[PDB]
Amino acid sequence: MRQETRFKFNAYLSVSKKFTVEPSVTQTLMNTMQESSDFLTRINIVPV
Amino acid sequence: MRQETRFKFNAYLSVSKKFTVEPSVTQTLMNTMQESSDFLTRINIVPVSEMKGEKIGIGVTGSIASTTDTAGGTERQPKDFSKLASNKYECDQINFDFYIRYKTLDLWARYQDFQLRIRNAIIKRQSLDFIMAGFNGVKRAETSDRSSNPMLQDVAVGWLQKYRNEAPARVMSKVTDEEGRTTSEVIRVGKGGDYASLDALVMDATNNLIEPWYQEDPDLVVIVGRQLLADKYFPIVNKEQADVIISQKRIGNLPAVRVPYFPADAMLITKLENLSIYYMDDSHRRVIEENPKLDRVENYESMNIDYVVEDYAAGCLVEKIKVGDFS
Amino acid sequence: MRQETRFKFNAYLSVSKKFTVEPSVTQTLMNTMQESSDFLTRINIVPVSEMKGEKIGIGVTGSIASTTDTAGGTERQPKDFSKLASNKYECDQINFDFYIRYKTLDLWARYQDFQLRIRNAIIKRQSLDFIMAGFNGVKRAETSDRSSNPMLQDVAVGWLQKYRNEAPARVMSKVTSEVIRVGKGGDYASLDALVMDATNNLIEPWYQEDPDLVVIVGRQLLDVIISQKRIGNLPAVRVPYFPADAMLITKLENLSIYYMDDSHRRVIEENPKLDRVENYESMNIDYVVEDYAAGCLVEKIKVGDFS
Amino acid sequence: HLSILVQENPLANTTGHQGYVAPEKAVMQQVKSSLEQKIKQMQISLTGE
Amino acid sequence: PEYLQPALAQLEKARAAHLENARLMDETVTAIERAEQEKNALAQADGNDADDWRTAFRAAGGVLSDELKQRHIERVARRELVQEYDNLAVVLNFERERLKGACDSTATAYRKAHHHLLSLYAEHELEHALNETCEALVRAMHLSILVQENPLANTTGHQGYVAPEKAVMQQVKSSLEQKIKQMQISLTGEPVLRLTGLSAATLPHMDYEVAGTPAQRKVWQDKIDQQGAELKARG
Amino acid sequence: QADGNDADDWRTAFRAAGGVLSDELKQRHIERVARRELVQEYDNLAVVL
């Protein structure tokens, strides 16, 4: 019920491969590493 | 060490009593609740931005000095600056939830200035509730019922239970012997008991149990309930012969404070800035409802908190106190 | 007779609280630390540009006037002005070395007012340590491990050790029973007889009638707080750290610490081999009692009851 | 005197540091009360020459 | 007696307990002293025998037969056996520790019981001596009050005209306190000479006092339990 | 196990007789330490086996 999720859901009342919370540096490095190998491409890596 | 932290430290190289981060809603509500009562003023309500991790240190002091022959010999091994006994806090949620009937709501709304009165009333009802739940409350159990636990003994683990099951050998619950593991279940304090009076009790307790560092401190308080304090100061007034001795209320050469709903058969000696409560930054979720099935307007509020004593070696508590004669 | 003192004294032929040789950085830090606590305000801390010299006499009095038969044949004998016993002293080094861990560093870094809180914490933590080592310590060992010596007893020599070591008088620990007694069955009254015997027998007379004489004893047998009721007509105080079973009668300006100027080395290291950031600091200090007069102490007492 | 010698024992004072009345004054107040009660409840007869 | 008689044998029981405790204490002390004084002489004799064997073996060159064989193995046997001889000291001290703890415990218990009995006796005696006798003083004080109440008695004016009751009470208090201060206690009485006197008379009163207050006792007991659970790994 | 039992018994019997001993507790102790030295290869044989 945080003041952001209610606003984001209320606007709904009126794309599934990458998530990209915010473009930080650790995320860029992780994307590079997962792009390097091939098995990491089919798998799902996400930040939290 | 982290990016922003490394920058701040490099900048370090080249009111200070409370902690703030950013102006938000939960922090504002907590600050208001603190300013409401008086006991919450002399305590640390800290906002934290993590569900589990390390606690910060306040009022911790450790002797850090030595001398070493660096000239042709051993090296200099620095001692830790903030290393406590055990430190792992786990914040959890508690929620309040109430309702007003239509009749009472109408009666109140009839007169002006009712919203402000309601707000102040609920804030006052909430702060004292924080206190009452904190000092009591052995363990937390989901689906807490208020049938057989009227003293609010099931919300969350309290400071007393923290001392009980986190750092033993700092409590006193029985008089024992090398052969009698329980020579006395209860600590009798009277003319014939195991002591002379509460003064000697708190005296040898603050002598033996707590560490020598905090032992010599300009700030120590003996938190005790109301029944025991009045039981001690009553036979003084009930005599025939000076009334200032009721204003300061010192016992065992230590100032004494009293908090509501404190258990009557125990007392805790410690400095009043050592224990604290942590709360998540943004978890104060509040919703309204106007269902007519029971013609009542209800509301729910939830907040994630956790009580914590910072350094367990600061104070100690004695439990199961009984005053009598014991001829 | 250096070319500066003759010029400064010759100009005299034609204010007592702070000294301030020159505004350096170690002096500023020392002033800050002494301003932090309260007990350091009443005490005297001074700098000195050399070691093993003379004690700057502050708070010393006496009787200088006399009379002589100048015509009979004798002559006026100029009694000394700064007459003291063992005016020598020294200076030693003491270092604080401590590390902060990364996680806790992040925690402190999250909130506001970070550097100020860190500075105040470290200043307080070392300022308390100065005192706690002052009234204790009997050696100058080279290891000084804080395991087998909980309170600081191996860093430096303390006032209660300088008294016990230099002047074997001015301290009573044996009446002849070994340890003195106090009580109805002891060798004295409760406390007035003992404190009166002390202030009449050991401390010199022309320091007795002083408006600043103070008895100092720990929190037992009772910042700094003063007891309103004087025990021996003298106000009683309690200092934070003190061996409870002893006490000393003296002024509050007779004690002092001398910190060698321009000796303060602070370095910080960051060794990621462990997950910590270390900080070393080294200074040069020595404790000193100004005058061995105006001060005595009783060491081994035991209040109670006897036959 | 025996009562005083008993009361002087450390494990005697029920009251702590506050109101720790001296045993002498305590026993004196006790005897004074127990004597004045008798002197008040009694009367003076007249069978004396 | 006949009212504190059942409350009296506990004194004798605690007395016997403390006596047995002190006896065990001195027995342990003399035992460790004997063990140490014997260990010293045994070590010295071993050293002397070792020196003699070494020089005799150096005399006979690098060859030996029919001798210096049983002697050397006997010497190394003694050297191996002195290990536990020296080891026994630590278990003896650990055994003495809890003994001294129980000694202080029984000492303080006996002291408390004695004080309680003495207090009960003194209270009963004062009550029975005030209620029964000392009645002529009451009528004397009544007559004195009746005299002092007359208006032609108070030499003090309107200021400080203290009531005659307070005056006669202060008078009797002073005249009684002077007597109670100048006098002393004599031991010419069966019950007071039988068991009473000073606090106690034995060796352990305050010297050790390791337990003393119950809190310090608890700390010491916890430390002793830790030490014992540690030592249980060895002999 | 037998060695441990014998060791316990010897230790308590020696504690009983005080800090003095003669004509006994001499062959027993050296026999015990001999067995303690001999069990070494007894345990060692496992690795070669």
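In this document, chain identifiers A, B, C, D, E and F correspond to the written order of the chains, with residue numbering beginning at 1 in each.
Please note the rule applied: contacts are C-beta pairs under 8 Å (C-beta built on N, C-alpha and C of every residue); 3 or more make two chains touch, one makes a residue touch a chain.
If you want to know which protein each chain is, UniProt gives these names: B, C = Capsid proteins; E = Glycoprotein 3.
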| item | value |
| --- | --- |
| Co-neighbours of subunit F and subunit B - touch as defined | E |
| Chain pair bearing the highest count of C-beta contacts | B-C |
| Whole-Å separation of chain centres (CA-atom averages), subunit C against subunit D | 51 |
| Euclidean distance of C-alpha centroids - subunit B vs subunit C, Å | 38 |
| Centre-to-centre distance between subunit D and subunit B (centres being mean Cα positions), rounded to whole Å | 46 |
| Euclidean distance of C-alpha centroids - subunit A vs subunit E, Å | 77 |
| Set of subunit B residues in contact with two or more other chains | 253 |
| For subunit F, residues that touch 2 or more chains besides their own | none |
| Of all residues in subunit E, those that touch subunit F in their complex | 31-32, 34-39, 77, 80-81, 84, 88, 91-92, 235 |
| Subunit D-facing residues of subunit B, complex | 190-191, 196-200, 232, 235-236, 245, 250-253 |
| In the complex, subunit C residues that touch subunit B | 92-118, 120, 124-126, 128-129, 132-133, 140-146, 150-152, 154-156, 218-219, 222-223, 225, 240-242, 268, 277-280 |
| Subunit B residues touching subunit E - in the complex, by the definition given at the top | 169, 172, 175-178, 192, 194, 204-205, 207-209 |
| Touch list for subunit E against partner subunit B, complex | 98, 101-102, 105, 116, 213-216, 218-219, 221-222 |
